[PDB]
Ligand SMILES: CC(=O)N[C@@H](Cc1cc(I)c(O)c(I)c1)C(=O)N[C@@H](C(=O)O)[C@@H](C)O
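Below sits a lone chain in structure tokens, taken as the form solved without this ligand.
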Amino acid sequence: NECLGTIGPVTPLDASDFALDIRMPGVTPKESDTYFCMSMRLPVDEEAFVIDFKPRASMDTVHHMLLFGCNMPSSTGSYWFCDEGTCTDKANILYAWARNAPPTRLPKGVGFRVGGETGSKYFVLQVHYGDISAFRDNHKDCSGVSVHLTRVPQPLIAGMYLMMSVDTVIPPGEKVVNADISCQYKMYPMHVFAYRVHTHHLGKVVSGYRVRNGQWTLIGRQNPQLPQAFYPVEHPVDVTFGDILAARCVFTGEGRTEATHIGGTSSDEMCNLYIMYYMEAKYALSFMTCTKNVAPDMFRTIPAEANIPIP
């Protein structure tokens, strides 16, 4: 180990379980706001279940950490600048740690599945370093996360419903601009227990709803400029066949000089809502996406709370 840690990358914990220690290789952030990434292949090829996490952040410097599963990490080197990519394939978020917005534990009996036919072969870890002290550009850092994996089949499988907005432009100086996303849901029940929101600097607030016969149930609402942890859903919201998932990101064009495209162009703005759910294992899938607004009509009736600043 690069920071003198004696823990191996795998530690068997009893007959069916093991821990993976996923730790940066002695990296030295030389600048403030640096995103380093690394990858860790699953040691088993059979499917396995991620049931628990323990963060190992340098509290001096580490702002947030994210952990993804995927099959095509963006590099095969010991580490890399995450601005290069996370994975060149889809990157399925498993965990977020933020310094001033502490993670919530997985519900009991809930586990993400990895490996096997359908599951991620690799973890990719992102460690974002905030403002760093001068006089630290020979300090080696091994921040990351310890993952509890089991090969015991879990009764509930966690996954991610990803809502993204790609059809909306922000005109310069326009005070408030909404980006609405909506998709009909057509699987077996999922039950949303957490969420995380992401825009860049123009995002004001992001809110997620289940709409069922024209009644809206909040999934969750957060300002994207607060720490983008997974915020817990106090009472898990069941979403079933026939519901619509609806989301609204509120943006500002204030202070801008040209129009800002939200989504693709991989340019300037985006709006992503990470809806973390579990499904009864036999009906489960690990992820779903919504990238459209099938029912723009609906937003005329949106609850007024969806529009309230969270400054």
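Numbering starts at 1 and follows the sequence shown. Between two forms, the rigid core is defined as the largest C-alpha subset superposing within 1.5 Å. Residues that one form lacks are left out of the comparison.
The same protein has a further form, the form solved in complex with this ligand, not shown here; the description that follows concerns it.
Taking the partner from elsewhere, residue 19 is found to have a heavy atom lying within 4.5 Å of this ligand in the bound PDB entry. Residue 93 belongs to the set of residues with a heavy atom inside 4.5 Å of this ligand in the bound PDB entry. Proximity of residue 56 to this ligand in the bound PDB entry: non-hydrogen atoms within 4.5 Å are present.
Of the heavy atoms in residue 272, some are within 4.5 Å of this ligand in the bound PDB entry.
The candidate spot formed by 47, 66 and 196 is fully in contact with this ligand in the bound PDB entry: every one of the three has a heavy atom within 4.5 Å.
Figure note: of the listed segments 170 to 178, 157 to 165, 133 to 141, 73 to 81, the one touching this ligand in the bound PDB entry, with heavy atoms no more than 4.5 Å away, is 157 to 165. The contact residue chosen from 147, 202, 233, 205 relative to this ligand in the bound PDB entry is 147, the criterion being a non-hydrogen atom within 4.5 angstroms. With the partner omitted from this view, the residue of 249, 276, 246, 262 that lies near this ligand in the bound PDB entry is 262 [heavy atom within 4.5 Å].
In a core superposition between the shown form and the other one, the Cα of 262 is the only one among 275, 249, 262, 67 shifting by 2 Å or more. Put simply, residue 64 and residue 265 come closer in the bound PDB entry: their C-alpha atoms are 3 Å or more nearer than in the form shown. Note: the CA-CA distance for residue 263 and residue 179 expands in the bound PDB entry relative to this form, by 3 angstroms or more. Core-based superposition between the shown form and the other one shows that the consecutive residues, three or more at a time, whose C-alphas shift by 2 angstroms or more lie in 1 to 7, 262 to 267.
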